[PDB]
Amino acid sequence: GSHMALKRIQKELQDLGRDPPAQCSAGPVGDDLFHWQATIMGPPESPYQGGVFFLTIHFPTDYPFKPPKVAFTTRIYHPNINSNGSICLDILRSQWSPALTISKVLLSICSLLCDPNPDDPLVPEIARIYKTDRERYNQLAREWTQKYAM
C-alpha cells in the first residue's frame, strides 16, 4: 500500500523504454524516482531549431492526481517560460489529468515551443512582441537559441 506515485512512475519509465519519443528524452536521477531530468530538442521549423534544452522534473507525493513540477534549466526566449525556467502551461496546473504522462507533458512542451501562448503569459514583454511583431520575436528566439542552447 501507499505506493501510488512510485508504481505509476515505474510504469511510465518502463513504457518510455519500450517506445520512447524522438524529440525529447527523460529519466530518473539515480535512485530518486521522484526526480527526473529531461531534454527537449528545439522543434525543427521553430526559431528554437538546433537547440537542446534541459529540464528538471519533480513528481508530487500524490502523482498522478497532481501534476509534476517541471522547469527549464536552459535559457530560452518564450512568452510562457521565464528566465528562472518556470513554465506556464495549463496542463501543469488547472488542466492536469491523471491520464497525462511525463512523456505527454514533454511533448506538450515541445508543442508550446512550436506555438507559444501569449494569452497565458509568464513574460508579458515577450508575449506582446510575439503577438504583434513576430519577425522580432523569431529573431530574438533564434539569437537566444544560438547563445544558450547549442
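A residue's number is simply how far along the shown sequence it sits, counting from 1.
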| query | finding |
| --- | --- |
| Higher-B stretch (mean Cα B-factor, as the entry records it), 52 to 60 or 84 to 92 | 84 to 92 |
| Segment of higher mean CA temperature factor, 117 to 125 or 102 to 110 | 117 to 125 |
| Cα B factor band for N138 (lowest, middle or highest third within the chain) | lowest |
| Third of the chain's Cα B-factor distribution that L16 belongs to, per the entry | highest |
| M41 - Cα temperature factor, lowest/middle/highest third of chain | highest |
| Chain-wide C-alpha B factor ranking for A5, given as lowest, middle or highest third | lowest |
| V70 CA temperature factor, ranked by third within the chain | middle |
